[PDB]
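Participant: When you get a sec, could you give me coordinates for this:
(one chain, ligands or ions: 2)
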Amino acid sequence: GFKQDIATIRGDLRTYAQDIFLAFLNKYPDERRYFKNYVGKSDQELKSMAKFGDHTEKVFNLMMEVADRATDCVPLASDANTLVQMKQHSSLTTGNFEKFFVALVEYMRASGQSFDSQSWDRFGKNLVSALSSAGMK
Ligand code: HEM
Ligand SMILES: Oc1c(Cl)cc(Cl)cc1Cl
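Facilitator: Residues are numbered from 1 along each chain as shown. Ligands and ions are numbered 1, 2, ... in the order given. Sharing the structure here:
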């Protein structure tokens, strides 16, 4: 289930974080514009820029912390607030996060593994609702 998925992802956090982030950028290429240093790089090229692996790991670490603190896939309002307030997320709307979760859920469904993809889909929806509540446009 969802708790075990957190453990699976944590076990190989950098690999999952990179793969899922790449699935996101490749599904939604317009989103690459927010990451000016990643423009004009292939999958394998990004996997060699320091900030890429370190970025992705840090993002997914936070995501895992938010997922672990959630109850029944509902995130804490305090965690949504953090996400809205981050200077790095100042130009974002909920639609950016919707895209993120669509990519993540698609990745999990395509995986050979027994991810609880329905719970990640719900988590994402619940997080998007909490982001709006916390004032994200
Ligand atoms: C639940 C989803 C997300 C979480 C947990 C999250 C978390 C983070 C964290 C921790 C950082 C800081 C990384 C660091 O300084 O090393 C970061 C930076 C950033 N986030 Fe997110 N984020 C999420 C979704 C998004 C989405 C959907 C976008 C855009 C589509 C986005 C755009 C960025 C940008 C542009 C940066 C700055 C990258 C840089 O340092 O150049 N984030 N985010
Ligand atoms: O920074 C991101 C990561 Cl590491 C993964 C995805 Cl799915 C999307 C975002 Cl914007």
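
Participant: Let me see the contact set for the one residue sitting closest to the centre of the chain.
Facilitator: By CA atoms, centre = their mean, the chain has its centre lying nearest to residue 100, at 5.6 Å. Residues in contact with residue 100 (CB atoms under 8 Å, 6 or more residues apart in numbering) are 24, 124. (C-beta placed from N, C-alpha, C; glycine too.)

Participant: How much space separates it from residue 112?
Facilitator: 22 Å (CB to CB, to the nearest Å).

Participant: can you check residue 43 too?
Facilitator: 19 Å.

Participant: For these two, work out which one has more neighbours and name it.
Facilitator: Neighbour comparison, residue 43 and residue 112: the larger count goes to residue 43, with 12 against 5 (by other CB atoms under 10 Å).

Participant: nearest residue to the more buried one other than its sequence neighbours?
Facilitator: Of all residues not flanking residue 43 in the chain, residue 22 sits nearest, at 5.4 Å (CB to CB, 6 or more residues apart in numbering).

Participant: So which residues make contact with the helix ranked longest in the chain?
Facilitator: With secondary structure taken from DSSP state H, the chain has its longest helix at helix 50-69. Contact with helix 50-69 is made by 2, 6, 9-10, 13-14, 16-18, 20-21, 37-38, 46-47, 75-76, 79, 82-83, 123, 127, as judged by CB under 8 Å, 6+ apart.

Participant: Now cross-check those against ligand 2 and list the overlap.
Facilitator: 17, 20, 21 (CB under 6 Å from any ligand atom).

Participant: relative to helix 50-69, how tilted is the helix or strand containing the second one?
Facilitator: Element membership for residue 20, per DSSP states H and E: helix 13-27. Compare the direction of helix 13-27 with that of helix 50-69 by axes from the mean of the first three to the mean of the last three CA atoms, to 10 degrees and you get 100 degrees.

Participant: Any idea how far helix 13-27 is from the middle of the chain?
Facilitator: 9 Å (CA atoms, centre = their mean, to the nearest Å).
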